[PDB]
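Only one chain is included here, represented as structure tokens and corresponding to the form deposited without this ligand.
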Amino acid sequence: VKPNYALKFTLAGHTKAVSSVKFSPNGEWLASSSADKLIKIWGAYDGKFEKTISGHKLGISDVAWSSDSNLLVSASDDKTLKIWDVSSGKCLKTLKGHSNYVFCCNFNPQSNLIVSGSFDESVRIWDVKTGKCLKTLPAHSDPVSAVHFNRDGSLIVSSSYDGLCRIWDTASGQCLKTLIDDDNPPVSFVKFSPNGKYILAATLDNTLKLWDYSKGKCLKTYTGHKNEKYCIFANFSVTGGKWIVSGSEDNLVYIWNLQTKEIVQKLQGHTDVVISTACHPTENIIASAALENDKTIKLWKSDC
């Protein structure tokens, strides 16, 4: 079986490179962040523009939804994160503490904590309610490219241009595991699988890898795309067939069969690097976003 993603909508509005796209967990919305300092909200099924959320002083590298789709957190070059009430557009808290650009962010499943990664080489854990920095982890020796909580929020996985993937105990801040595969290319993205058993990691040597983190073993490799320069997001698509989805520096969206590792579809249309992709939580819909020469987001739909 192979999917049949087809272009449905193109979303224009950002004035600079788009950096990250994410669907709300309730499937109603798409949030996008950009180097233009703005967050934009769009309808997930029709691509209709909803509103702009402003307040950061410099460009934004990431945005993430809370579990209940009520809040967003954004990470900016202004060295802050901001927690937003999506329905009102209000900035509830500004998270100050990183000493350099904030690159990545996520809520935990309970949505009471935020994790962030920065050019200052640290991973920070923040209290959502008070906006206070609870813990600072001296995590890496180069910028932190991604941070993500596991299924119950007990662990954090982080990646960095230093070539490492690390697993941290949320409660103690202890480094439980360092994962690396015999070459040291920058690790440009990492996330836990929906079931929490695996970690999907991207490296700047044109490779995605699926790790069993309990065993510290690489189980699957996905190749064929171009990724040597940018921190491109990758996803598990689970609504229909089980795929791995990623953007690429050759301007395409790549889709692989998770089990066989074969490329099953390539989505053509963007005119610059596809930096971010997201998979809709219930429908076979992919959102893709591109860099400065393109500035658009595309919504693609498949029958499987």
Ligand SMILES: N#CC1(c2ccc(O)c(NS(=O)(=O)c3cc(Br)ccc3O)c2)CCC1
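Under this definition, the rigid core comprises the largest set of C-alpha atoms superposing within 1.5 Å between the forms. Numbering starts at 1 and runs along the sequence shown. Residues that one form lacks are left out of the comparison.
Across the two stretches, 162 to 170 and 180 to 188, the PDB entry reports the greater mean Cα temperature factor for 180 to 188. For the pair 193 to 201 and 138 to 146, the mean Cα B-factor is higher in 193 to 201. Out of 48, 270, 40, 56, the entry records its largest CA B-factor for 48.
Which of 100, 214, 223, 76 has the largest Cα B-factor in the deposited entry comes down to 214.
Annotation for residue 155: CA B-factor lies in the middle third of the chain's modelled residues.
Looking at the C-alpha B-factors along this chain, the one for residue 279 belongs to the middle third. Ranked by C-alpha B-factor against the other modelled residues of its chain, residue 82 falls in the lowest third. Among the modelled residues of its chain, residue 252 has a C-alpha B-factor that falls in the middle third, as given in the PDB entry. Among the modelled residues of the chain, residue 12 sits in the highest third by CA temperature factor in this PDB entry.
The form deposited with this ligand bound exists for this protein as well; it is not shown, and the discussion that follows is about that form.
Not one of 26, 43 and 70 is positioned with any heavy atom within 4.5 Å of this ligand in the deposited complex. Of the candidate stretches 89 to 97, 167 to 175, 193 to 201, 132 to 140, only 193 to 201 has residues with heavy atoms within 4.5 Å of this ligand in the deposited complex.
210 is the sole member of 179, 155, 83, 210 with a non-hydrogen atom lying within 4.5 angstroms of this ligand in the deposited complex. Shown alone here, residue 238 lies within 4.5 Å of this ligand in the deposited complex, counting heavy atoms only.
Under a 4.5 angstroms non-hydrogen atom cutoff, this ligand in the deposited complex has residue 220 among its neighbouring residues.
Shown alone here, residue 252 lies farther than 4.5 Å from this ligand in the deposited complex, counting heavy atoms only. Heavy atoms of residue 264 never reach within 4.5 Å of this ligand in the deposited complex, leaving it off the interface. In the deposited complex, this ligand lies within 4.5 angstroms of at least one heavy atom of each of the following residues of 246 to 261: 258, 259, in sequence order. Against the superposed rigid core, the only consecutive-residue run (3 or more long) showing CA movement of at least 2 Å between the shown form and the other one spans 180 to 182.
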